[PDB]
Structures are given as structure tokens and as C-alpha cells.
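Single chain ahead, written as C-alpha cells, the form deposited in one PDB entry.
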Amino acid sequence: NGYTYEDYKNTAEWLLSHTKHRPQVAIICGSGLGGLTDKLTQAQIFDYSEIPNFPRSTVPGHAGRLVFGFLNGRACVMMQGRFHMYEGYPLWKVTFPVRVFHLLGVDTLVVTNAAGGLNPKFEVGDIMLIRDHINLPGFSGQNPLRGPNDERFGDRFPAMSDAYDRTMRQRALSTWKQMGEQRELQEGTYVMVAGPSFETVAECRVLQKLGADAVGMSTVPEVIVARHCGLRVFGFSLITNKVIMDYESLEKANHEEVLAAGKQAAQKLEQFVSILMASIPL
């Protein structure tokens, strides 16, 4: 890890003194879910590039910013654009924001992402609540906590079986009932793979066999660091596509489709997250 405790502190103190905003809930917007930033009131923007020690974006779209403000009663801080392992960032960089959020006073982390559907019941447009995750990179050594542990953040061996807040998931099923939607709020296990290339058929079959319902290349690391911090964690995935499971199919997974699905099912998530804010304690 190239960051010392002081680096986290310095980044927090800098932000704290550059905004009157004191966020309680940190929200990490997934792919095509950055619209959430529009609903924040008294929205103050910060380009990642101007924040000390922040991993400087590469060239996806060169748009990486932190937006503080209020979302339906809650003082938030939103990450529009997240860092992925496939871009070359080590996990201690990818999850650097999470630790900053913690020293800023945040106690809740909401993570969202786009994902391929492994569970055959899922349909494009669906919203899967994350009850658990399978951290494939972590089994091999790619765990954001690798390296010496700093007592100030958490313990050497944090548990993850209770990573996704039971309460918040129940309250989300409610908020969705109040939404009065045709499709029900899906729920399942999110498996993380590094990517960036998409899975082959044999691979989708493996991920299915392992018991995963959705697959993506992010989130798990932020969640582990969050939990290591003491943060309350709640999150969901937007099934942007059904991963190919047979060799007869003549369709391929593509960034085009994923962005399109994020485009249409857009505002639906935005409502759900905004309304969900009320369900979050303080």
C-alpha cells in the first residue's frame, strides 16, 4: 500500500476545510448510474484531479468527480466514476476513497453497479439487491486489506459474512413495494471478476455453479474496506444483460448494451436510491 495513515488524514482534512458539507452517507455510482448526482441539492463538486492523494483518472471519459450535498434529507458525498482494478489500479488505490469517506464522518456506504445476469430468472432492467458476494480476486491475494493493518481503521481479520446490512435490505424491499413496480426487487449474490474482457460460456457456467447471481468487476473491494472501517453497507446491481450461457447463441456481451440498459433503467434507480435515503438511520 502506497498510502500512509497521514495521507488519508490529509485528504480528509483538506476536503473538510474546502466544504461546509459534512456527509453521513457515501454513494458510489456505478456505470450509467451517475445521474444520481443531479438530485443532490446545494451540490458542491470536486474533480478527483484537484483532491490530494486521489488516484488520478486515466482516459475512460476523463470525468471523475466527488459531489457533496443533500439527497432527500441526507447529507451525502457521491463518487461519479469509480476506479477499477482492470484499469491498472492496485486495490489500495481503488478503495482509497472509502477510507477518506470514513475520516470525513460517513457511516454508510451505498454501492451500485451494472452487472451481467447469471441467475436465469433475472431480466435486463432488473435490480438485484446484494445479499452476499464471492470475492474471486480476494481468494488469490487481491484483497484491498493485503499488507500491514492499521489498528486505527480496523482489525487485522475483519468478518464479511455480515457485510451487507440485513436491515437496509429489508427496508429496500419495502421502498420497492411503495414504488409499486411490475417486476419485484431481485436479490442475490454478486461475484466479482477482474475483467476487463467479458466472460466466455464455460466461465459463465463456472460462475453459475459457484452460486453467483450477478457478475461485475468492481464493488467487493470497496465493501471490504468499508466493512473494515465500520461502515454500514447496502448496495445493488442493475442487470444490464444476461451473460451468454449456451454456444448456440449468436450474441455477445458489449459495453454498448450495458450503457444502453443503464440509460433506460436510469431514473428508476435514481428514485429508489433517493427514496431509500429516508430509510437510512443517522
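Take the two forms, superpose them, and find the largest set of C-alpha atoms that agree within 1.5 Å; that set is the rigid core. Residues that one form lacks are left out of the comparison. Start at 1 with the first residue shown and count on from there.
Note that the form deposited in another entry isn't included here; everything after this is about it.
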| item | value |
| --- | --- |
| Residue from 261, 273, 12, 25 whose Cα, after superposing the rigid core, lies 2 Å or more away between the shown form and the other one | 261 |
| Core-superposed comparison between the shown form and the other one, residue 38 Cα displacement 2 Å or beyond | no |
| Core-superposed C-alpha of residue 251 shifting 2 Å or more between the shown form and the other one | yes |
| Direction of the Cα shift between residue 256 and residue 45 in the other entry, where the change is 3 Å or more | closer |
| Sense of the change in Cα distance from residue 259 to residue 204 in the other entry - at least 3 Å versus the shown form | farther |
| Sequence-ordered runs, three or more residues, C-alpha shift 2 Å or more between the shown form and the other one, rigid core | 248-261 |
